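A.B. asks: Okay, here's the structure, questions in a sec.
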Amino acid sequence: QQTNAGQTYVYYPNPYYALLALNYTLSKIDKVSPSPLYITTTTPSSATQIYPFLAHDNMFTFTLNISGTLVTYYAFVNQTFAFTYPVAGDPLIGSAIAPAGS
Amino acid sequence: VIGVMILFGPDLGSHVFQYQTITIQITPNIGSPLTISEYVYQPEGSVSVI
Amino acid sequence: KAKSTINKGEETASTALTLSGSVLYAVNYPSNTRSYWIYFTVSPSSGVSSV
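Protein chains in written order, with the entry's author numbering: chain L, 154 to 255; chain E, 256 to 305; chain G, 52 to 102.
Here's what the structure looks like:
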């Protein structure tokens, strides 16, 4: 988030950073009972064992190096959907509108 | 040709119209009014032509 | 009354302004924090009637 002329521009610096954000919103922000994606660091072997419904969902992985440790993730998707996130210069955050020059 | 100048006060002069839409309207007693609506990206030069 | 109405009606369809000259917007340029003023010129639409 950057600030100038009283307005605060935000953006997500990476598609993976936007994925983890979408996970938290779908979980806590808006209470939707079927969540379309679930991201967990648990090995998919045991994660499938505890959650039997993840055995039918498409999965792709992506890793991150936090504090020197290679933390890997497993994104499970059950439905082909698309989402949008601000990537450059969007001062009007909270309205779902793409301003001119964004 | 007639000149028009809008001076800002303390109430509004504390805001900068960046990435916003401005609209001004001049409506005389008899005759059609003139509306001017522009979009400002970023002020530059200390006299921005927009 | 009707004659005076047509006279006003003709002045309505004939009187109008126009913007001839770009608009200027002033601000503290090094640090965009406070706006100062705005200036622009206006003229009758055509050489049709005063306003």
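Beta carbons are placed, not taken as given, at the ideal position from N, Cα and C, and that holds for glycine.
Which residues, in chain order, does the region 52-63 of chain G contribute to contact with chain E at a C-beta distance below 8 Å?
C.D. replies: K59, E62 and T63
A.B. asks: Cβ of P239/L less than 9 Å from any chain E Cβ?
C.D. replies: no
A.B. asks: For the alpha helix (DSSP H) holding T201/L, just list the boundary residues, first then last.
C.D. replies: Unbroken alpha helix (DSSP H) run through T201/L: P197 to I203.
A.B. asks: Let me know the secondary structure DSSP gives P189/L once reduced to three states.
C.D. replies: Of the three classes helix, strand and coil, the one that applies to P189/L here is coil, per DSSP.
A.B. asks: Among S292/E, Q273/E, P265/E and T282/E, which residue has its Cα nearest to the Cα of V102/G?
C.D. replies: Ranking the options by Cα distance to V102/G, first place goes to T282/E.
A.B. asks: If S73/G sits next to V304/E, beta carbons under 8 Å apart, how far is it from one beta carbon to the other, in whole angstroms?
C.D. replies: The Cβ separation is near 5 Å, so the contact holds.
A.B. asks: In angstroms with no decimal places, state the Cα-to-Cα distance between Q297/E and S86/G.
C.D. replies: In a straight line, the C-alpha of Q297/E is about 12 Å away from that of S86/G.
A.B. asks: Rounded to a whole number of angstroms, what is the C-alpha to C-alpha distance between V256/E and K59/G?
C.D. replies: 24 Å
A.B. asks: To the nearest angstrom, how far is it from the Cα of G264/E to the Cα of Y90/G?
C.D. replies: Taking the straight line joining both Cα atoms gives about 15 Å.
A.B. asks: For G221/L, count neighbouring Cβ atoms within 10 angstroms of its own Cβ and tell me buried if that reaches 16, exposed if not.
C.D. replies: Result: exposed.
A.B. asks: Could you give the distance in angstroms between the alpha-carbon of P288/E and the alpha-carbon of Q280/E?
C.D. replies: 7 Å
A.B. asks: Considering only DSSP beta bridges, list what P95/G is partnered with.
C.D. replies: For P95/G, which the question treats as bridged, DSSP gives the partners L68/G.
A.B. asks: Give me the Cα-Cα distance between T84/G and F236/L, rounded to the nearest whole angstrom.
C.D. replies: Note on geometry: alpha-carbon atoms of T84/G and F236/L lie some 35 Å from one another.
A.B. asks: Closest to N167/L by CA distance: which of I246/L, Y177/L, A241/L and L245/L is it?
C.D. replies: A241/L
A.B. asks: What do you reckon, are the CB atoms on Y162/L and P244/L nearer than 9 Å?
C.D. replies: yes
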